[PDB]
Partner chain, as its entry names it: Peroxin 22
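Here you get one chain, nothing else, as structure tokens; it is the form deposited without its partner chain.
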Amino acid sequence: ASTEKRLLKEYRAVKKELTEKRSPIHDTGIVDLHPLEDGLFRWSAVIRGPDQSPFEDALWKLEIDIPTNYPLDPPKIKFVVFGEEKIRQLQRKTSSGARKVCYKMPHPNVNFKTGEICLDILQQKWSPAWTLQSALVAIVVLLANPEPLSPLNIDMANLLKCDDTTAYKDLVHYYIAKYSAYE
């Protein structure tokens, strides 16, 4: 009812900051945001990997599901992850000057198959004062600051726990270099 009004206001707030060369939002990592289909309760977003992280200078797509009691409860958010077959089919249609996105997300707090982000991350931080923008920013932060406390990817979390930085970086670089395509 009125939750739609709030969601719309937040969306417009993000759109305003986006269509502009230097609002601060450009250094937060938010690249795009829009309704998934024709409703205000499912969203598609695009974010950039934060500077000085192994994820830097690469784009990822996100899907966001909004609860009915919003903003009493946080949004559920996942990375868009495709199968190797699909990705390779997408790569044969690509252009050498298009917008390319990586469709695999190797990260301690992300399910490598489904793309799901651990509910802990947002549940521990979220409050009714938060917005969609702050959630996106929170995920960009998460890319630079994983918490090995709540792992969905064992190998990455352990690499981090053993402080094997080089292998971590090399793995992320590998998936960025091999599993990216247009759109």
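Numbering follows the first chain given and starts at 1. Definition used throughout: the rigid core is the maximal C-alpha set that superposes within 1.5 Å between two forms.
Below: the form deposited with its partner chain bound, not depicted.
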Within 4.5 Å of its partner chain in the bound PDB entry by heavy atoms, the stretch out of 151-159, 55-63, 22-30, 35-43 is 151-159
4.5 Å heavy atom contact with its partner chain in the bound PDB entry for all of 4, 124 and 130:
no
Would you check, heavy atoms only and a 4.5 Å threshold, whether residue 177 touches its partner chain in the bound PDB entry?
yes
Using a 4.5 angstroms cut-off on non-hydrogen atoms, would residue 82 count as touching its partner chain in the bound PDB entry?
no
With heavy atoms only and a cut-off of 4.5 Å, decide whether residue 18 touches its partner chain in the bound PDB entry.
no
Does its partner chain get within 4.5 angstroms of any non-hydrogen atom of residue 167 in the bound PDB entry?
yes
Relative to the superposed core, which single residue of 56, 32, 120, 63 shows a CA shift of 2 Å or more between this form and the one not shown?
120
Once everything's superposed on the core, is residue 83 shifted 2 Å or more at the Cα between this form and the one not shown?
no
Given a CA distance change of at least 3 Å, are residue 71 and residue 121 closer or farther in the bound PDB entry?
closer
Compare the CA separation of residue 170 and residue 121 in the bound PDB entry with the one in the displayed structure, and answer closer or farther (the difference is at least 3 Å).
farther
